[PDB]
Amino acid sequence: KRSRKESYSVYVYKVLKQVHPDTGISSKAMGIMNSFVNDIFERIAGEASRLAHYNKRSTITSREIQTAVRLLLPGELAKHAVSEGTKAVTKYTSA
Amino acid sequence: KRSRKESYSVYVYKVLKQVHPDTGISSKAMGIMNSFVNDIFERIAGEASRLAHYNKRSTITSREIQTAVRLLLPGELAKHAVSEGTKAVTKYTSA
Amino acid sequence: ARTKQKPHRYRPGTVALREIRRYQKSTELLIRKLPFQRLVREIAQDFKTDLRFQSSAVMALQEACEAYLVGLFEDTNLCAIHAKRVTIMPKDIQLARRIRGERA
Amino acid sequence: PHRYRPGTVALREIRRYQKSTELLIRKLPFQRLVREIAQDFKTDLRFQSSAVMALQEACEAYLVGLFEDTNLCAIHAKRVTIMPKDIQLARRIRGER
Amino acid sequence: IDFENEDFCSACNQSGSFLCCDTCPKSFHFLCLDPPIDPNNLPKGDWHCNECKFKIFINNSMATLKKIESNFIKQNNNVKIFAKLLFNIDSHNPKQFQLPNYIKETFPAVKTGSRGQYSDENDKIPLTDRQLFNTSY
Amino acid sequence: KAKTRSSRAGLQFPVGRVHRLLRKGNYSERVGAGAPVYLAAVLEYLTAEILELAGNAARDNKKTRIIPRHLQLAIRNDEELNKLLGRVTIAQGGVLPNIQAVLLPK
Amino acid sequence: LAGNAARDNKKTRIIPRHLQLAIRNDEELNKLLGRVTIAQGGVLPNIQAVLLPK
Amino acid sequence: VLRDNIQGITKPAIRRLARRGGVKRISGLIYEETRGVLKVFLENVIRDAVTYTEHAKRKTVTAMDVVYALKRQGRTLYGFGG
Amino acid sequence: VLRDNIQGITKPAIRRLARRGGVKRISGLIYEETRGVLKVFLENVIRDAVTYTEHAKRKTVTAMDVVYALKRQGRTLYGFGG
DNA sequence: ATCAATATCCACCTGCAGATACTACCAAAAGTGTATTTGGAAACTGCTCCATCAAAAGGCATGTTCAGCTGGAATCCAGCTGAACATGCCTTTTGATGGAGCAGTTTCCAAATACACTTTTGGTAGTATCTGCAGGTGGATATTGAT
DNA sequence: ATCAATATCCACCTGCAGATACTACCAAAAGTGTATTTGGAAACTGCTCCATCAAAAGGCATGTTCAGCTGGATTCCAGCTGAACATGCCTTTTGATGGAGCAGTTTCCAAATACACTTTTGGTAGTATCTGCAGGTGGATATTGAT
Ligand SMILES: [Zn+2]
Ligand SMILES: [Zn+2]
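Per the deposited record, determination of this structure is attributed to cryo-EM, with the resolution reported as 3.9 Å.

So, in structure tokens, the structure goes:
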């Protein structure tokens, strides 16, 4: 039988129900959102891999991800995204 | 400095000597050619890796390289480059 | 210091602006599906014969084409206004495409 | 005395500066400006010589290209003088603004 | 240069009613000056800050800065160690005190609040989706 | 008794799946422990940002369901997102209403 | 290409100016290297037709 | 066969595409130019799509081939898979 | 602490850069514009160069950092290493 | 300013296509626990290149003047584009049919990897050597601009 | 049509910085052989999605007319840019010193990988089902155009 197609539909729906607790979403809009997530993921991962290559390291760490975020996102997006990532990493390692 | 910096100077000089027998080359021009070779190499290699990821393959083969050459170079250049590559491979395997 | 702390006819150009608003409000596709499909098939046929297309493939091509042409017309309009005109002419398309780097 | 009509020396300069490859901005003022700009992202920075040379090369290439596009937008409007609106149009179409 | 002053005090970096400087875009609270100024009895005329007053005093000439600082260090022979220090204090606009960061980072459960306030892990957190609470379900 | 990693970090996006995609994606020979956590955090942040803007655009249009037109309006009306997605075409998103000043009648 | 451009200039050695003149004068090579700056390469000599005298 | 078909991009369709771009007055000779530029763009994209397709050893052109051929020219397209 | 330093890009230098671009007559107000655009370009490149440098935990800005910061904006530069 | 004629928007209503939803269910995969290996962090060191002065030399930038040519405004006029109407033609929708091509399943075998050893080789350094060229000097002359 | 005045290039010499070899030499990196696993190639097959036909009906494209308004050409005029001097200043260099910073070596130690289980979670079909929204209609409203 035909295989399964993993996607980001359920997590996007969770985030939406958090920000706007009573608005739905279409299906073409959810397709746009999956494509957006994949594109941004690929961009950040490619930049982090380039960084790790330049410095003769063989490991991608949170430092590479943070520098890639600083390189890729413009302006205040970078500040807020760095805040979020740092907070999440700190909470994860505190447990 | 213990570290050695491999480059393409000697090979570019061999190519030059067979193309134009009595023409030298400056050091700055040799650096230009070095950057050119590295740039084109990483372009072709990145495209080959991409179109091997698309097709759920693990090996980078002659086919991936040929398709990357066809995708990256313009018409006449791509035609002649494909000719050269296939000629080299058939001479190699029958040796 | 500071311390500051007899049949009705619309005048030429009216229906143009009405149409501009109408088509900048909408989101549909502005070309007919069948002629565009035939055009795509002719081109791909002179590239590689005996081809087949999913429907979503031709739909993607149509969306990309229309987005491209709308952007080109915006740039053309700026280049027309720059020369103190209202009418767009082919030289404006050529200038916009040359500055974008698509031709030279 | 012997005078040249306006524009003659301009064409001479165009040919002369298109025939050459040297840099056109002075090195010391550009170096001071680069250091002052970088003074805002991190204090106590050091630069290699080749870093500043590369920056000068890239900047001059960028400005020459922009001036070609600007001259195109000026000839479009039946003019010979380039004006700031020409620069603004060339940069808007390119996508910089 | 018809600029406008900042919307925050140059000293405490907070908001309020500021006495502003005309030369530079700085603005200060009234108690955040040296010495603090009475909001009622404010001297009208041209108010300049400490830095711009220092500049206009030296006439923006630093050879004169050489002169006066050499003479100053010659005079303060009693405390020669604190000479140059005692000369720089007169070129700065006032500040408020904030601990150096090599002191705050010895204790990891201590975090600087929004306006430079103390927080010690007993602060719950500000409520973010309680901006979402004003909207509510 | 087995918690997830995204629940241990306090996220909605999956950390295990992002870790796997980083591993099998040919990016580096090794992948740290906090790289997927950081990446999931920033992905969730950007998602929430654009979704909030699009939901506002949907509300002021008297609707109760987000469509691609609302995503296009939200993206093109913000400066940072228009910088981030400047070279992206959204299928069936339309354009921004904009008529130049010299065209309007007077 | 660059060696031909150099010999046409009556020289014996290739300098970055010659590489630039060779790249920018070809069509497909210029399309392959359209977004590339070559150090000390200069530009291609051309003047618009309306700027000329008369 | 499938010859002609470029005049199938009629003049009203180009006028609509221009109205969505904000154009108020249109010349008489821009229809030829628009047909030319559309044909050029389409050839440049279809060549790469067909290259991908035939590398995969298929006979059907998928939508992913199109979005890849578009992405490789700086014309990323959201909403069709990927 | 360096100040102004932007008027060091004199008017004759900009006139030379324009002559190499083929310009025959120059206005009076383009010098301000050119200084503005040069400053913008330089900030955009130097920010990324410094980012690379400080990721490598260095205090000296290498030429490779500059060519990387340039390559990441579609301004590839040949002849300085790489 | 008046008024009449159109196009757009708002309010109401109705059917239905799409979004929320289990349930099975279920299969894939993520989290947990051990043992191993290896890559990255820390201290030390040396030597390299970057900053800071100094001191002329002269080549470029700055300010002034003058005039001429170009950009901008006003007029006029033809011609070309738009707006509207009648006519036909061809796109779109619904529906069925054949049938080719794609995706999954099993087998299996040609090829890429991992290790260990030996041999070229190509890269840095002197180390030396030499010659192609950048700079300088004279003279022919091709072009410009005023007569 | 003539001619003085520049500015450019053509011809020749020369001192020198850069290109060209050679030995050393030396890691060090690539080629050779071999045992092994595994990923990609063949063959089969089901079924899904694409191409072809068909018809019919209405919405869209086409051709024509008429007129208004826009684009282009001509004149003029002022003011703004360029060309040429005359000072002066600030860049370039090149020589030397100080010294911070970066690259190489050794430990070691913390962290990521590999493997086996086991429960959870996220996804697909089937089927379901509400419900938000798209389509149709009328009524009010704002705007446009000629008096
Ligand atoms: Zn204060
Ligand atoms: Zn002040």
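Visitor: How do you make sense of the overall build of chain H when you look at a structure like this?
Guide: A tally of regular secondary structure across chain H gives three helices and three strands. Going from the N terminus to the C terminus, chain H shows its helices and strands as α-β-α-β-α-β. In terms of overall size, chain H is more extended than a compact globule, its C-alpha atoms giving a radius of gyration of 16 Å where 82 residues would be expected to give roughly 12 Å. Considered along the principal axes of its C-alpha atoms, chain H spans approximately 45 × 35 × 15 Å. Partitioning the intrachain contacts of chain H with sequence separation of at least 6 by distance along the chain shows that 30% fall at a separation of at least 24. A total accessible area of about 3,600 Å² is found for chain H, and carbon and sulfur atoms account for 50% of it. Mean positive and mean negative side-chain charge positions of chain H (17 and 7 charges, respectively) differ by 8 Å.

Visitor: Would you mind going over the protein's contact with DNA strand K with me for this structure?
Guide: In the region of DNA strand K, 64 residues are neighbours, and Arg2 of chain A, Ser27 of chain B, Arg17 and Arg23 of chain F together with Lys59 of chain I sit closest. Looking at DNA strand K alone, sugar and phosphate atoms form 95% of those within 4 Å of the protein. Measuring from a phosphate oxygen of DNA strand K, one finds a backbone N or O atom of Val86 of chain C at 3.1 Å. Residue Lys59 of chain I places a main-chain N or O atom 2.5 Å away from a phosphate oxygen belonging to DNA strand K. When contributions to the surface near DNA strand K are tallied by element, the ones reaching two or more residues are β1 (24–25) of chain B, β1 (52–53) of chain C, α1 (8–19) and α2 (27–38) of chain D, α2 (15–23) and β1 (30–31) of chain F, α1 (11–21) of chain H together with β1 (25–26) of chain I. When residues in the surface near DNA strand K are grouped by element, the largest group, five residues, is from α1 of chain D. The class makeup of the residues in the surface near DNA strand K is 16 nonpolar, 19 polar and 29 charged.

Visitor: Mind showing me how you'd approach the interface of chain A and chain F here?
Guide: A common way to express how large an interface is: the accessible area buried when the components associate. With 55 residues of chain A at the contact, the number on the chain F side is 52 residues. Counting the surface lost from both chain A and chain F, the interface buries some 5,000 Å², and carbon and sulfur atoms represent 73% of this. Taken together, chain A and chain F are joined by two salt bridges. Counting every contact that joins chain A to chain F gives 12 residue pairs in polar contact. Within the residue set of the side of chain A that touches chain F, elements represented by two or more residues are α1 (9–19), β1 (24–25), α2 (28–54), β2 (59–60), α3 (62–72) and α4 (76–94) of chain A. Sort the elements by how many residues they give to the side of chain A that touches chain F and α2 of chain A lands first, with 14 residues. Here the side of chain A that touches chain F is composed, by residue class, of 29 nonpolar, 17 polar and nine charged. Note that β1 of chain A and strand β2 (residues 65–66) of chain F share two bridges and pair parallel. Across the sheet, the residue bridging to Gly24 of chain A is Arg65 of chain F, located in β2 of chain F.

Visitor: What am I meant to see in the environment of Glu121 of chain E here?
Guide: Residue and element names in this part refer to chain E. Within the secondary structure, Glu121 is located in the loop between β4 (118–119) and α5 (131–135). Taking relative accessible area as the criterion, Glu121 reaches 58% and is therefore assigned exposed. Ignoring any residue separated from it by four or fewer positions in sequence, one finds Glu121 in contact with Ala109 and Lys111.

Visitor: What should I look at first to understand the packing of aromatic side chains in this one?
Guide: The geometry of an aromatic ring pair comes down to the distance between the two centres and the angle between the two planes. Inspection of the entire model under this criterion finds 14 aromatic pairs over all chains. Ring geometry for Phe36 of chain B against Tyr78 of chain I: centres 6.4 Å apart, planes inclined by 55°, an arrangement best described as tilted. Placement of the pair is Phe36 of chain B in helix α2 (residues 27–54) and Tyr78 of chain I in strand β3 (residues 76–78), with the two residues belonging to separate chains. On the basis of relative accessibility, which here comes to 21%, the residue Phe36 of chain B falls in the partly exposed class. For the ring pair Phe54 of chain E and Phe57 of chain E, a centre distance of 6.0 Å and an interplane angle of 65° mean the geometry is edge-to-face. A residue pair is termed a helical-turn pair when its members lie 3 or 4 positions apart in one helix, as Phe54 of chain E and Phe57 of chain E do in helix α1 (residues 50–57) at three residues. Looking at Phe54 of chain E, the relative accessible area reads 17%, which means it is buried. Pairwise contacts between aromatic rings join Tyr8 and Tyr11 of chain A together with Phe13 of chain F into one cluster. Against the face of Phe3 of chain E rests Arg2 of chain C, its NZ or CZ located 4.5 Å from the ring centre. Over the aromatic face of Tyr10 of chain C sits the side chain of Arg18 of chain C, whose NZ or CZ is 4.6 Å from the ring centroid.

Visitor: When you look at the coordination of the zinc ion (ligand 1) in this model, what are you seeing that I'm missing?
Guide: Put simply, a metal with four donors set out as a tetrahedron has ideal angles of 109.5 degrees, and one with six donors set out as an octahedron has ideal angles of 90 or 180 degrees. Residues and elements named next belong to chain E. Only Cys9 (SG), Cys12 (SG), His29 (ND1) and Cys32 (SG) from the protein reach the zinc ion (ligand 1) as donors, at distances of 2.1 to 2.4 Å. Coordination geometry of the zinc ion (ligand 1): the four donor atoms subtend angles of 96 to 122° at the metal centre, consistent with an arrangement described as tetrahedral. For the zinc ion (ligand 1), all donor residues lie on one chain, and their spacing in sequence is C-x2-C-x16-H-x2-C. The partly exposed category is assigned to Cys32, whose relative accessible area is 24%.

Visitor: Even after reading the chapter, I still don't get the protein's contact with DNA strand J, so can you show me in this structure?
Guide: Around DNA strand J, the structure places 64 residues, and the nearest of them are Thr59 of chain A, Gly13 of chain C, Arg5 and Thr8 of chain D together with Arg20 of chain F. The sugar-phosphate share of atoms of DNA strand J within 4 Å of the protein amounts to 97%. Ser27 of chain A places a polar main-chain atom, nitrogen or oxygen, 3.2 Å from a phosphate oxygen of DNA strand J. A distance of 3.0 Å separates a phosphate oxygen of DNA strand J from a polar atom in the side chain of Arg35 of chain D. Looking at the surface near DNA strand J, the elements with two or more residues in it are β1 of chain A, α1 (14–25) and α2 (33–47) of chain C, β1 (46–47) of chain D, α1 (5–9) and α2 of chain F, β1 (25–26) of chain H together with α1 (11–21) of chain I. Counting residues per element, the surface near DNA strand J draws most heavily on α1 of chain C, which supplies five residues. Within the surface near DNA strand J, the residues separate by chemical class into 15 nonpolar, 19 polar and 30 charged.

Visitor: Hey, could you run me through the pattern of salt bridges in this one?
Guide: Think of it this way: side chains of opposite charge can pair up when their charged atoms draw near. Tallied over the full model, the rule gives 34 salt bridges over all chains. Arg97 of chain C is paired through a salt bridge with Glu102 of chain C; the nearest N and O atoms lie 3.4 Å apart. Among the residues examined, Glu102 of chain C registers a relative accessible area of 31% and is labelled partly exposed. Sharing partners across several salt bridges, the network here consists of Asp75, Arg97, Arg100 and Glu102 of chain C together with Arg92 of chain D.

Visitor: Before we go on, may I ask you to explain the arrangement of the chains in this structure?
Guide: Interchain contacts are distributed over 16 pairs of chains, and the most extensive set of them lies between chains A and F. As for chain E relative to chain B, no contact occurs, and the smallest C-alpha gap between them is 38 Å. Regarding chain A and chain G, the two do not touch, and the least distance separating their C-alpha atoms is 20 Å.

Visitor: Can you walk me through the nonpolar core in this structure?
Guide: The tendency in soluble globular proteins is for nonpolar side chains to be buried side by side. In this structure, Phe36 of chain A together with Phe13, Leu39 and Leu51 of chain F are the most contacted members of the largest nonpolar core, which totals 63 residues. It is helix α3 (residues 35–59) of chain F that provides the largest number of residues to this core, a total of 15 residues. What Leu39 of chain F contacts, discounting residues up to four positions off in sequence, is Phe41, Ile44 and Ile65 of chain A together with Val18 and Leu22 of chain F. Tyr68 and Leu72 of chain C together with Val45 and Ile46 of chain H belong to the second-largest nonpolar core, a separate cluster that totals 55 residues.

Visitor: Explanation requested: unusual backbone geometry in the structure shown.
Guide: When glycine is set aside, most residues are seen to have a negative phi, and most peptide bonds are trans. Following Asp34 of chain E, the chain continues to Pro35 of chain E via a peptide bond in cis, the omega torsion being -5°. As for its placement among the helices and strands, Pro35 of chain E is situated in the loop between β2 (27–28) and α1. The phi dihedral of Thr3 of chain C is positive, around 80°, even though this residue is not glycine. Relative to the helices and strands, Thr3 of chain C is located in the segment before α1.

Visitor: Which parts of the structure should I look at to understand the coordination of the zinc ion (ligand 2)?
Guide: Binding of the zinc ion (ligand 2) to the protein goes through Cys24 of chain E (SG), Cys49 of chain E (SG) and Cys52 of chain E (SG), at separations of 2.3 to 2.4 Å. Mapped onto the sequence, the donors of the zinc ion (ligand 2) take the spacing C-x24-C-x2-C.

Visitor: Teacher, can you tell me more about the side chain of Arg16 of chain I here?
Guide: With respect to the secondary-structure elements, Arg16 of chain I resides in helix α1. It turns out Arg16 of chain I is buried and unbridged, and the closest side chain with the opposite charge, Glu22 of chain D, is 7.1 Å from it. Among all residues touching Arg16 of chain I, those that are not within four sequence positions of it are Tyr17, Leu24 and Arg26 of chain D.

Visitor: What exactly am I supposed to notice about the packing of helix α3 (residues 49–76) of chain D against α1 of chain I here?
Guide: Packed helix pairs are specified by the crossing angle of their axes together with the interaxial distance, meaning the distance between the axes. Close contact between α3 of chain D and α1 of chain I brings their axes to 8 Å; oriented N to C, the two are set at 60°. Relative to α1 of chain I, α3 of chain D is oriented oblique. As α3 of chain D packs across α1 of chain I, the resulting crossing turns out to be right-handed. Across the interface between the two elements, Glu60, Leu63, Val64, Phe67 and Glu68 of chain D from α3 of chain D touch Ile14, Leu17, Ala18 and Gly21 of chain I from α1 of chain I.

About the thresholds
Residues numbered from 1 in each chain as written, not as in the entry; some residues may be left out. Chains lettered and ligands numbered in written order. Part of a larger assembly, values for the part shown. Heavy atoms only, no water. Residues with missing side-chain atoms left out of burial classes, pairs and counts. Helix = DSSP H or I, 4+ residues; strand = E, 2+ residues; numbered from the N terminus. Rg over C-alpha atoms; globule rule 2.2 N^0.38 Å. Contact = heavy atoms within 4.5 Å. Areas by Shrake-Rupley, 256 points an atom, 1.4 Å probe, with all protein chains shown as cover. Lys, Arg positive; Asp, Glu negative; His and termini not counted. Charge placed at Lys NZ, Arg CZ, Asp CG, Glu CD. Near = heavy atom within 4 Å. Polar contact = N/O pair within 3.5 Å; in protein donor to acceptor, adjacent residues only side chain to side chain. Nonpolar A, V, L, I, M, F, W, Y, C, P; charged D, E, K, R; others polar. Buried area = accessible area lost by both parts, 1.4 Å probe. Salt bridge = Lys/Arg side-chain N within 4 Å of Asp/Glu carboxyl O. Pairing = 2+ DSSP bridges. Buried < 20%, exposed > 50% of the residue type's maximum accessible area, 1.4 Å probe, protein only. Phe/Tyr/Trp six-rings, centres within 6.5 Å; stacked < 30°, edge-to-face > 60°. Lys NZ or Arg CZ within 6 Å of the ring centre and 35° of its normal. Donors = N, O, S within 2.8 Å, 3.2 Å for Na, K, Ca; no water. Tetrahedral: all angles 85-135°; square planar, octahedral: opposite > 155°, others 65-115°. Core = buried A, V, L, I, M, F, W, Y, C linked by side-chain atoms within 4.5 Å. Axes fitted to C-alpha atoms, helices over the stretch in contact; angles between N-to-C directions. Parallel < 35°, antiparallel > 145°, perpendicular 65-115°, else oblique. Left-handed = near helix turned anticlockwise from the far one by under 90°.

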